[PDB]
Amino acid sequence: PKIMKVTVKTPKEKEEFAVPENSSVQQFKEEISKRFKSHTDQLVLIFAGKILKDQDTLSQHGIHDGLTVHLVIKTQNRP
């Protein structure tokens with residue numbers, strides 16, 4: 001079993017994290033925040049046309065290995 005590689009497309013760049021498809025949005029955006037040097041509150045994930053909240057899990061939206069989430073970062077001071 002390989003670990004699930006989730007690509008995150010941001011205004012800044014494009015990254016890819018490794019999660020055991022158990023990491024929901026509340027766990028996943030923490031991995032984003034430390035890497036992009038952003039606050040988790042400044043991170044809003046979007047997929048299927050709707051915003052992924054902490055009640056949302058990436059895996060439930062069909063975001064598995066090779067899929068990409070659309071992130072919008074609102075730090076301003078991290079361009």
# chains A, B, ... in the order shown; residues from 1 in each chain; ligands from 1

$ residues_around --residues "residue A:63" --least-positions-apart "3" --cutoff "10 Å" --atoms "only C-alpha atoms" --output "number ranges by chain"
A: 4-7, 21, 47-48, 57-60, 66-69

$ write_last_selection --atoms "C-alpha atoms" --output "CSV table (one decimal), in the first residue's frame"
chain,number,residue,atom,x,y,z
A,4,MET,CA,-2.0,8.8,-1.0
A,5,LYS,CA,-0.3,11.7,-2.9
A,6,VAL,CA,-2.7,14.8,-2.8
A,7,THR,CA,-1.7,17.7,-5.1
A,21,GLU,CA,-6.3,9.0,2.9
A,47,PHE,CA,-13.3,21.2,-4.7
A,48,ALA,CA,-16.4,20.1,-6.6
A,57,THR,CA,-12.8,15.1,4.2
A,58,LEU,CA,-10.8,15.2,1.0
A,59,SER,CA,-11.3,11.4,0.4
A,60,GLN,CA,-15.1,11.7,0.6
A,66,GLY,CA,-3.3,12.0,-8.5
A,67,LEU,CA,-6.2,14.4,-7.7
A,68,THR,CA,-5.8,18.1,-7.0
A,69,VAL,CA,-7.5,20.5,-4.5

$ select_by_dssp --residues "chain A" --states "strand (DSSP E or B)" --output "MDAnalysis selection string"
chainID A and resid 4:9 14:19 43:47 50:52 68:73

$ atom_distance --atom1 "atom CA of residue A:20" --atom2 "atom CA of residue A:39"
23.0 Å

$ residues_around --residues "residue A:78" --least-positions-apart "2" --cutoff "10 Å" --atoms "only C-alpha atoms" --output "number ranges by chain"
A: 12, 36-38, 73-76

$ closest_residue --among "A:2, A:23, A:42, A:9" --to "residue A:77" --atoms "only C-alpha atoms"
A:42

$ residues_around --residues "stretch 24-28 of chain A" --least-positions-apart "5" --cutoff "10 Å" --atoms "only C-alpha atoms" --output "PyMOL selection string"
chain A and resi 6+17-19+33+40+44-45+52-60

$ closest_residue --among "A:72, A:79, A:8, A:15" --to "residue A:43" --atoms "only C-alpha atoms"
A:72

$ atom_distance --atom1 "atom CA of residue A:49" --atom2 "atom CA of residue A:71"
11.8 Å

$ select_by_dssp --residues "chain A" --states "alpha helix (DSSP H)" --output "list in words"
residues 25, 26, 27, 28, 29, 30, 31, 32, 33, 34, 35 and 36 of chain A

$ write_last_selection --atoms "C-alpha atoms" --output "short mmCIF file (atom, residue, chain, number, x, y, z; two decimals), in the first residue's frame"
data_model
loop_
_atom_site.label_atom_id
_atom_site.label_comp_id
_atom_site.auth_asym_id
_atom_site.auth_seq_id
_atom_site.Cartn_x
_atom_site.Cartn_y
_atom_site.Cartn_z
CA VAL A 25 -9.35 18.81 5.76
CA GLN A 26 -8.78 19.81 9.47
CA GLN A 27 -5.60 17.59 9.50
CA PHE A 28 -4.49 18.30 5.89
CA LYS A 29 -4.48 22.15 5.84
CA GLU A 30 -2.05 21.97 8.83
CA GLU A 31 0.50 20.27 6.50
CA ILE A 32 -0.20 23.03 3.99
CA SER A 33 0.16 25.90 6.55
CA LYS A 34 3.63 24.89 7.86
CA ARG A 35 4.99 24.34 4.29
CA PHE A 36 3.54 27.56 2.72
#

$ closest_residue --among "A:65, A:22, A:70, A:16" --to "residue A:50" --atoms "only C-alpha atoms"
A:70

$ decode --residues "stretch 44-65 of chain A" --atoms "N, CA, C and O atoms" --output "CSV table (one decimal), in the first residue's frame"
chain,number,residue,atom,x,y,z
A,44,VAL,N,-8.4,28.3,2.7
A,44,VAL,CA,-9.7,27.8,2.3
A,44,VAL,C,-9.5,26.8,1.1
A,44,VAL,O,-9.1,27.3,0.0
A,45,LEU,N,-9.8,25.5,1.3
A,45,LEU,CA,-9.8,24.6,0.2
A,45,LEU,C,-11.1,24.6,-0.5
A,45,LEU,O,-12.2,24.9,0.0
A,46,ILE,N,-11.1,24.4,-1.9
A,46,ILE,CA,-12.3,24.3,-2.7
A,46,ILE,C,-12.1,23.1,-3.7
A,46,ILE,O,-11.0,22.9,-4.2
A,47,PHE,N,-13.2,22.3,-3.8
A,47,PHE,CA,-13.3,21.2,-4.7
A,47,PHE,C,-14.8,20.9,-4.9
A,47,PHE,O,-15.6,21.1,-4.0
A,48,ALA,N,-15.1,20.4,-6.2
A,48,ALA,CA,-16.4,20.1,-6.6
A,48,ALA,C,-17.3,21.4,-6.7
A,48,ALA,O,-18.5,21.4,-6.8
A,49,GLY,N,-16.6,22.6,-6.7
A,49,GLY,CA,-17.3,23.9,-6.8
A,49,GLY,C,-17.6,24.5,-5.4
A,49,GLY,O,-18.1,25.6,-5.3
A,50,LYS,N,-17.4,23.7,-4.3
A,50,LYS,CA,-17.8,24.1,-2.9
A,50,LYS,C,-16.5,24.1,-2.0
A,50,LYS,O,-15.5,23.5,-2.3
A,51,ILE,N,-16.6,24.9,-1.0
A,51,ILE,CA,-15.5,25.0,0.0
A,51,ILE,C,-15.4,23.8,0.9
A,51,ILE,O,-16.5,23.4,1.5
A,52,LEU,N,-14.2,23.2,1.1
A,52,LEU,CA,-14.0,22.1,2.0
A,52,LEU,C,-13.7,22.7,3.4
A,52,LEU,O,-12.7,23.3,3.7
A,53,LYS,N,-14.7,22.4,4.3
A,53,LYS,CA,-14.6,22.8,5.7
A,53,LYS,C,-14.0,21.7,6.5
A,53,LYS,O,-13.6,20.6,6.0
A,54,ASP,N,-13.9,21.8,7.9
A,54,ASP,CA,-13.4,20.8,8.8
A,54,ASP,C,-14.3,19.6,8.8
A,54,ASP,O,-13.9,18.4,9.1
A,55,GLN,N,-15.6,19.8,8.5
A,55,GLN,CA,-16.7,18.8,8.4
A,55,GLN,C,-16.5,17.9,7.1
A,55,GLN,O,-17.0,16.8,7.0
A,56,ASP,N,-15.7,18.5,6.2
A,56,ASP,CA,-15.4,17.8,4.9
A,56,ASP,C,-14.1,17.0,5.1
A,56,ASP,O,-13.2,17.4,5.8
A,57,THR,N,-14.0,15.9,4.4
A,57,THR,CA,-12.8,15.1,4.2
A,57,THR,C,-12.5,15.1,2.7
A,57,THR,O,-13.4,15.0,1.9
A,58,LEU,N,-11.2,15.2,2.4
A,58,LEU,CA,-10.8,15.2,1.0
A,58,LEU,C,-11.2,13.9,0.2
A,58,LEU,O,-11.7,13.9,-0.9
A,59,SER,N,-11.0,12.8,1.0
A,59,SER,CA,-11.3,11.4,0.4
A,59,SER,C,-12.8,11.2,0.0
A,59,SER,O,-13.1,10.5,-1.0
A,60,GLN,N,-13.7,11.8,0.8
A,60,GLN,CA,-15.1,11.7,0.6
A,60,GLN,C,-15.5,12.5,-0.7
A,60,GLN,O,-16.5,12.1,-1.4
A,61,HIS,N,-14.7,13.5,-1.1
A,61,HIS,CA,-15.0,14.3,-2.4
A,61,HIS,C,-14.3,13.6,-3.6
A,61,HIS,O,-14.3,14.2,-4.7
A,62,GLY,N,-13.7,12.4,-3.4
A,62,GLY,CA,-13.0,11.7,-4.5
A,62,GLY,C,-11.7,12.2,-4.7
A,62,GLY,O,-11.1,12.1,-5.8
A,63,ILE,N,-11.1,12.9,-3.7
A,63,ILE,CA,-9.7,13.4,-3.8
A,63,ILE,C,-8.8,12.4,-3.3
A,63,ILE,O,-8.6,12.2,-2.0
A,64,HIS,N,-8.3,11.5,-4.2
A,64,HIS,CA,-7.3,10.4,-3.9
A,64,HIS,C,-6.0,10.7,-4.6
A,64,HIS,O,-5.7,11.8,-5.0
A,65,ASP,N,-5.2,9.6,-4.8
A,65,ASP,CA,-3.9,9.7,-5.4
A,65,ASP,C,-4.0,10.2,-6.8
A,65,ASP,O,-4.7,9.6,-7.7
